[PDB]
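One chain is shown next in structure tokens, namely the form deposited in one PDB entry.
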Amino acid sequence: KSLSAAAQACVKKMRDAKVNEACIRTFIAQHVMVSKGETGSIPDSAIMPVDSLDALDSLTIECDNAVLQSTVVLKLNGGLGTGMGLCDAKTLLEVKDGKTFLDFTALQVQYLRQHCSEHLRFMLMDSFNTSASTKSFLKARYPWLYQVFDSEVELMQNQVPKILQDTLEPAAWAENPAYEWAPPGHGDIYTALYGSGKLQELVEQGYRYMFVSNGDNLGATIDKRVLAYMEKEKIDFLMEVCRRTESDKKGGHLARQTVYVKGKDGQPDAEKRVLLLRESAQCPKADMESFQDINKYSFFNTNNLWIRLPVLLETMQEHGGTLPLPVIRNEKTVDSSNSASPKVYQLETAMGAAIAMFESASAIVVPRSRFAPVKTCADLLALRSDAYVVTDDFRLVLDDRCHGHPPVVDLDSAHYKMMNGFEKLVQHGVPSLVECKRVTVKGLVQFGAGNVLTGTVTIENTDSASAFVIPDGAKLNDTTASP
């Protein structure tokens, strides 16, 4: 087949494991790229900034309900609560009043079906680690989703072999063979949608738009103005971006790029401009300063994506049933825990990289309320507090008294990085944070019932086994509370 021996081993291992062919072809193409010594480097000289974009806040027109009848909501749901020390699906974490991220999405989907469109489709992208727990919760709480879980709801993320850095052969780890496999990033969504046969079914049933976002980003809700905008401007791929701030300077940014493409067979040569994403790893060392200049590059990807399904099907068909995204070459050991285990590459792609694959690709600036991932227990504390309220359509929004500014929460990593320690801290209640500008917690602390915080509050305890407990009903305003 003219493959490399290393590549042939990967094909054999993936075929033995009954990996679908669309995943194999995608992976082999990436394998060939890495065989060629592909850097992935994106020098500043290869890009230009984006200075102007339309803003969601400036938009007003809502699409009609017919558009929603042709819309699929897809939530990424492969992540575990690893960061929180959790070892199961992050979307099953209680966010507010006994509801999870998954409750809120399902309630939102149900609200739109009841009031706007019954045909609105809901999908979840699962991994092997989240599938079962995602099924039983739906079984327990949303039977209408459970009945069609396998047929309509679930999209299974592929797994691909980790390869040895020196030979590019499939790594072997007899101690735990599962460590021989790894997910391919959220870029896999296209490979999964196509390969599983789902992309075509959705198009065949007449679905036109898919809205993709993180399961743990409660800000990412259907906005009918975005659908109108895509209809009006004939957009095939829309990326919601946010303004970059000092805290964001290490994250990726949007950029412009001018490409010239050689025509294949009877096609003319084409010079066009594309949008793209640049990450820290892809950025060369000398431009790092440039990379962190928020004024120069001012937008970052939220992973809130809006895609025209028929064009996606088309584009992937023209590329041989695949989508050629930039390959990220994760450097690890087969066992992350064992530094002496064989060094490997894990090949992955970013679903946001697809913005460069469409001629009618655009980006729109959205407020940061649409980018509210819960990455820490600090984020979780804010959400649970009375700073956030639940709308009629089951959205989570800041109370009006916050004036669009959420409370800044800094929890001591030594005790509250784990859900274990964090649930002790709020064991007797969640303090009122609606009026608090900033709360900082150092050392071991427990809130009392009825605590109310305003202004800038620090709660600081010096002795490690103390267990400093705030009195019930205590109100702290602009102060530092020590024992």
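Rigid core here is just the name for the largest C-alpha set that superposes within 1.5 Å across the two forms. Residue indices: 1-based, along the sequence shown.
What comes next is about the form solved in complex with a small molecule, which does not appear here.
Q: Even though the small molecule is not shown here, does it sit in the deposited complex so that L76, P183 and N303 each have a heavy atom within 4.5 Å?
A: Affirmative, all three are within 4.5 Å.
Q: Counting only non-hydrogen atoms, choose the one of 306-314, 271-279, 112-120, 193-201 that falls within 4.5 Å of the small molecule in the deposited complex.
A: Answer to the contact question: 271-279.
Q: Going by heavy atom distances of 4.5 angstroms or less, which of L168, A228, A350, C402 would be at the interface with the small molecule in the deposited complex?
A: Selected residue: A350.
Q: Go through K232, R256, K139, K375 and name the one with a heavy atom inside 4.5 Å of the small molecule in the deposited complex.
A: Looking at the other structure, the residue within range turns out to be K375.
Q: Consider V95 of the chain shown here, and say whether it contacts the small molecule in the deposited complex, taking contact as heavy atoms within 4.5 Å.
A: Residue-level check for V95: no, no contact with the small molecule.
Q: Applying a 4.5 Å heavy atom distance criterion, does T221 contact the small molecule in the deposited complex?
A: The answer is no: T221 has no heavy atom within 4.5 Å of the small molecule.
Q: Using the partner position in the deposited complex, report whether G251 sits within 4.5 Å of the small molecule, counting heavy atoms only.
A: It does: once the small molecule is placed as it appears in the deposited complex, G251 has a heavy atom within 4.5 Å of it.
Q: Can you tell me if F371 lies within 4.5 angstroms of the small molecule in the deposited complex, counting non-hydrogen atoms only?
A: Yes, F371 is a contact residue.
Q: At a threshold of 2 angstroms on the CA positions, core aligned, which residue out of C242, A182, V334, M84 shifts between the shown form and the other one?
A: The one that shifts is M84.
Q: For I28, does the CA position differ by 2 Å or more between the shown form and the other one when the superposition is done on the rigid core?
A: No, its C-alpha moves less than 2 Å.
Q: Inspect the rigid-core superposition and answer whether the C-alpha of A467 shifts by 2 angstroms or more between the shown form and the other one.
A: Yes.
Q: After a rigid core superposition, would you say the CA of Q200 moves by 2 angstroms or more between the shown form and the other one, or not?
A: No, its C-alpha moves less than 2 Å.
Q: At a change of 3 Å or more, would you call the C-alpha separation of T302 and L398 in the deposited complex closer or farther than in the form supplied?
A: Residues converge in the deposited complex, at least 3 Å closer.
Q: Using the form shown as baseline, tell whether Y260 and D188 are closer or farther in Cα-Cα distance in the deposited complex, where the change reaches 3 Å or more.
A: Compared with this form, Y260 and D188 lie farther apart in the deposited complex.
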